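Coordinates in review
If you want the building blocks of each chain, they are given just below.
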Amino acid sequence: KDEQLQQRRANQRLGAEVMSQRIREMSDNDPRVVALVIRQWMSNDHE
Amino acid sequence: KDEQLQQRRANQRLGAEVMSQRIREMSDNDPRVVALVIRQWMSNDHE
Amino acid sequence: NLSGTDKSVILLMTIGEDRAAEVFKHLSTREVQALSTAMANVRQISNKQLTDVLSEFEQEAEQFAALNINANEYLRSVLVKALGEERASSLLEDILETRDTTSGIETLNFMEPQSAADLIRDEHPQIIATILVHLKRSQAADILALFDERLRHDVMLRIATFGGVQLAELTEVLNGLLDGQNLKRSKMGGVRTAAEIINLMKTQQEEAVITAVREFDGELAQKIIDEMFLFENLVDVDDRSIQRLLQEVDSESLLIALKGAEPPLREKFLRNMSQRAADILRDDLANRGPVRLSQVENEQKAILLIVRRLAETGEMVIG
Amino acid sequence: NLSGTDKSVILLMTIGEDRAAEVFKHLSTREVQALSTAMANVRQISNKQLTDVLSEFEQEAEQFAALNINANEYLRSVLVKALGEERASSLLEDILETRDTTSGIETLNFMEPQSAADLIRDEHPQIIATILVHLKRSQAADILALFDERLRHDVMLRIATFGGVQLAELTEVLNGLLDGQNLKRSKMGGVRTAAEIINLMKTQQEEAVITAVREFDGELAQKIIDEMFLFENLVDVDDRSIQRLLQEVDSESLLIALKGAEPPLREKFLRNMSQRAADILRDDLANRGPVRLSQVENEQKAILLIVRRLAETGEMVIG
Amino acid sequence: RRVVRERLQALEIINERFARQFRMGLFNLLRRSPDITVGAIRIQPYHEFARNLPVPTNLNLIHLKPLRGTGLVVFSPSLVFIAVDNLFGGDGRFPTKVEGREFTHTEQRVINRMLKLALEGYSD
């Protein structure tokens, strides 16, 4: 049980970090998709 | 789901950039088809 | 939906930096600034939007097919070898100025007549007469109407005297007056924005302001009050518009507003209604007791906001 | 549930340090400080939360697709080769200031009218008039209402005199007033927080404080008492709100509070109730004997806390 | 006991040409041609000048290297009011008078533009 949950957390972290690298590469290759989503972020923050 | 959407976005970007290169080459080889469409653009902008 | 400007903006990013700079040179600096601001803020194209703008540009390119070059020099070079460069420069400049002076004529026709008149009020009466002749007869009259009697009479007198029909200098005259608009800005100078703020201010505060400006200038105060005029009397707003208000505003709010209104105001707001509606309104006004004036003023302000919205829609005129 | 700020905060950690610094440069220093505090305290993302914030960011990226760069320099460089760098700097700065001055106009419209008026009270009457003209007519009136009669009258008089419609200096004027807000802080200066503390204090203690401040300044004491005013008389709070209290507070607590209340207070708190309820309350008040004033004061304080909560909800106004 | 006498020639012409330069500078700054009337050069003790100075008014220190000491310039509240309202395009037919009240931040900034323009004019 606990060991299975720990392994699930580990593989979830691995998937999260590789997919975060996907964010990193797409943001590096296209800044426009970054500024507008930042604007959406601040819209959500103030809303 | 999300991975399929990401791959769709990637291939759409590739198609968009090659077809934009098609615009680039046709505009380079014929400026007349550019000025009139710019006039149409400003017509749409002010209309 | 994507606006026509945004599609054009996305196309301007897509066509490349050198082509964008060339288009900036070929177009107006205000357009250049608008495109720069647009590409700085948020990109205008999404994957569906980019598809749409690119597809509609393609359909524009399919339709704009002619196998030709802009030749802002290549066409002249082919002409120059056959006839010589000189057999063109002057004539081409004259043709462009004729296009330019007609463009200015149309622009002056479109832009506001009194603004044109005051821009040309300082100018020569011969200038006024020739520009009036060149303009549309509706536009020429509109500039003429906004003049004083003496200047206007001199303008019509000089209309006949204008027999020189001069030609390069006229275009340069249009160029000179054109360069003064971008510095003029304005568009708020008229005693209307201050009038709206006076309406917005607290009742006693704008009453004191009205007294102060009456002390400052009775004529200016009277002009601003004429700008104030909104359903304070029957003749200015007309019985049809009085009917329009009552059929567009809540009856309870109208009655509460009429509580503090003048008896001529009640009479003008009751004549339009039928006998039954007028009797109901009069009975409600008689039965309802005194109410704190704050709510009455707030409802009156809301009603006048509705009136201003109707005037902006332009169904009928007020004044 | 994860708040929109926390999702944005987690995304700010995830996007990398250099990108976070660039976003800090592109955004406000208050946002930079908020993000720094958030990443210092507790991380905002759990494994489900990180999945949610990353997924929603992905859906934002799918929708925000345009194949474009921010180009806070690259776009200018493409424009500069085609037309020249100068054919832009001035126009781009003017456009940005127009966006900046409109941003300041909207900010002033949103922020409190009297605060804007006192921030501009020291400033030039021409400044007041032009800012009033530029502002919304509701906002312009709100700043105008909070002025003295003489300054207000001068402002409306100068509204007409404002014909220069000046343009870079106006933006710099907005910049100058903008830089004074971050130092102003305040937001408690008004004699309201002290009023709440006076209410919180022990009955005899705030009575002595009221006497002392009456000695210090009768006008200030009267203003603070007007701030005190909470269901001490019928006209200030209105019969509808009196009805609202009785249907929202326990009858026993209301009666115990009415034990030490004035007979006008009992009359105003009995008129709203029906005949049966009023008779029951009067009989209970007559039958119940004397009680130590500590419990009566505590229940009155609880009732007034309920009244303050109702006022905060904003169903009806009090005063 | 403090006595000084002298007669001056050159600084009169210097003031006249600086006044013309300042007039054209203000003309281009405020899109309206001003007129400057240079008064007769005044020689007086510092206390007399201070007494004659209309309080309130803004005084500014401008050093003159390599000569030891700092120069002084002053501007009237009427002048700053008129200049700032002309900057706003105000007619000025409803003027206000402020006494004892220190200049606001914006007013001090406008004073800063007059100061820099005058400094450049006198420098040239």
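Everything discussed here concerns the structure shown above.
A brief look at the structure comes next. (Residues numbered from 1 in each chain as written, not as in the entry; some residues may be left out. Chains lettered and ligands numbered in written order. Part of a larger assembly, values for the part shown. Heavy atoms only, no water. Residues with missing side-chain atoms left out of burial classes, pairs and counts.)

**Describing the overall build of chain A**
Within chain A, the secondary structure is distributed over 2 helices and 0 strands. For chain A, the C-alpha atoms occupy an extent of roughly 45 × 30 × 5 Å along the three principal directions. (Helix = DSSP H or I, 4+ residues; strand = E, 2+ residues; numbered from the N terminus.)

**A short note on the overall build of chain C**
When you go through chain C residue by residue, the secondary structure sums to 21 helices and 0 strands. Against the 2.2 N^0.38 benchmark of 20 Å for 319 residues, chain C shows a C-alpha radius of gyration of 29 Å, more extended than a compact globule. Projected onto its principal axes, the C-alpha positions of chain C cover 95 × 65 × 40 Å. (Rg over C-alpha atoms; globule rule 2.2 N^0.38 Å.)

**Describing the interface of chain C and chain D**
With 24 residues of chain C in contact, the opposing surface of chain D contributes 25 residues. Put simply, the parts of the chain that give the side of chain C that touches chain D at least two residues each are helix 2 (17-26), helix 3 (29-40), helix 13 (193-200) and helix 14 (203-216) of chain C. It is helix 13 of chain C that provides the largest number of residues to the side of chain C that touches chain D, a total of 5 residues. Grouping the constituent residues of the side of chain C that touches chain D by class yields 10 nonpolar, 7 polar and 7 charged. (Contact = heavy atoms within 4.5 Å. Nonpolar A, V, L, I, M, F, W, Y, C, P; charged D, E, K, R; others polar.)

**Observations regarding the packing of helix 2 of chain C against helix 5 (residues 74-83) of chain D**
Close contact between helix 2 of chain C and helix 5 of chain D brings their axes to 7 Å; oriented N to C, the two are set at 55°. On the basis of their axis angle, the class for helix 2 of chain C and helix 5 of chain D is oblique. Seen along the crossing, helix 2 of chain C lies across helix 5 of chain D with a hand that is right-handed. Side by side, helix 2 of chain C and helix 5 of chain D meet where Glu 17, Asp 18, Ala 21 and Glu 22 of chain C of the first sit next to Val 78, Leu 79, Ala 82 and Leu 83 of chain D of the second. Tallied by class, residues from the contact of helix 2 of chain C with helix 5 of chain D come to 5 nonpolar, no polar and 3 charged. (Axes fitted to C-alpha atoms, helices over the stretch in contact; angles between N-to-C directions. Parallel < 35°, antiparallel > 145°, perpendicular 65-115°, else oblique. Left-handed = near helix turned anticlockwise from the far one by under 90°.)

**Some thoughts on the pairing of strand 1 (residues 58-63) of chain E**
Residue and element names in this part refer to chain E. Relative to strand 2 (residues 70-75), strand 1 runs antiparallel, the two sharing 6 bridges. Its bridge partner lying in strand 2, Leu 59 is registered against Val 74. Between strand 1 and strand 2, which follow one another and run antiparallel, lie 6 residues, and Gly 69 among them has a positive phi close to 115°. (Pairing = 2+ DSSP bridges.)

**With respect to the arrangement of the chains**
The highest contact count of any of the 5 pairs of chains in contact belongs to chains C and D. The two units chain C and chain E are non-contacting; their minimal C-alpha-C-alpha distance is 8 Å.

**Structural notes on unusual backbone geometry**
Of the consecutive residues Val 55 of chain E and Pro 56 of chain E, the connecting peptide bond is found in the cis state with omega at 0°. Tracing the backbone through its elements, the reader meets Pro 56 of chain E in the loop between helix 2 (46-52) and strand 1. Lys 65 of chain E connects to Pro 66 of chain E through a cis peptide bond whose omega is 0°. With respect to the element layout, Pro 66 of chain E can be found in the loop between strand 1 and strand 2. Even without being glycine, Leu 67 of chain C reaches a positive phi, approximately 55°. The residue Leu 67 of chain C is located in the loop between helix 4 (47-63) and helix 5 (74-83) in this model. The backbone of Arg 31 of chain E shows a phi angle near 50°, a positive value even though the residue is not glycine.

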